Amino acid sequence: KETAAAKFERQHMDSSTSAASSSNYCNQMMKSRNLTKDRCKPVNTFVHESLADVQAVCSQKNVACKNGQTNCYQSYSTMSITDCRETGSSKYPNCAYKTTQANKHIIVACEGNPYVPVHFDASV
């Protein structure tokens, strides 16, 4: 039983590298985090900040979620992130991605007790 909080860590946390390691980063990370197992996940963002710093976003700027729920939070500081986007030639099971590094404010949805990130909504 993977919890929602653990799923967010698997799908979205990568504190180990300070930035998009290489042009192959998304190709390796989308696979190793199990985001290409059943299908090529089309887009996905990894955050290169400490877990504590990302969890703290749940007490930062409350903003509307893209789905219209109210439990989304925008980081006051910018964070190092890597966006992964599936290439046009990518065909499962050989999912292929472009790796793009950015420094943006993240928006996450938070739930539970403790109140922790469960969904990556956007970067701005």
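Definition used throughout: the rigid core is the maximal C-alpha set that superposes within 1.5 Å between two forms. Don't overthink the numbering: it's just position in the shown sequence, from 1.
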Superposing the other structures by the rigid core, the farther-displaced stretch by RMS over CA atoms in 6 other deposited structures of this protein, of 74-82 and 29-37, is 29-37
Divergent stretch in 6 other deposited structures of this protein, 53-61 or 38-46 [C-alpha RMS, superposed by the core]: 38-46
Given the B-factors recorded for C-alpha atoms, which segment has the greater mean, 13-21 or 105-113? 13-21
Regarding 114-122 and 3-11, which shows the higher C-alpha temperature factor on average in the entry? 3-11
Among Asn94, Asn71, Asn67, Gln60, where is the Cα B factor highest in this entry? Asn94
With respect to the C-alpha temperature factors reported in the PDB entry, which of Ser80, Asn27, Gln55, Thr36 ranks highest? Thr36
Thinking about Cα B factors across the chain, which third does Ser75 belong to? lowest
Which third of the chain holds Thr87 when residues are ordered by C-alpha B factor: lowest, middle or highest? highest
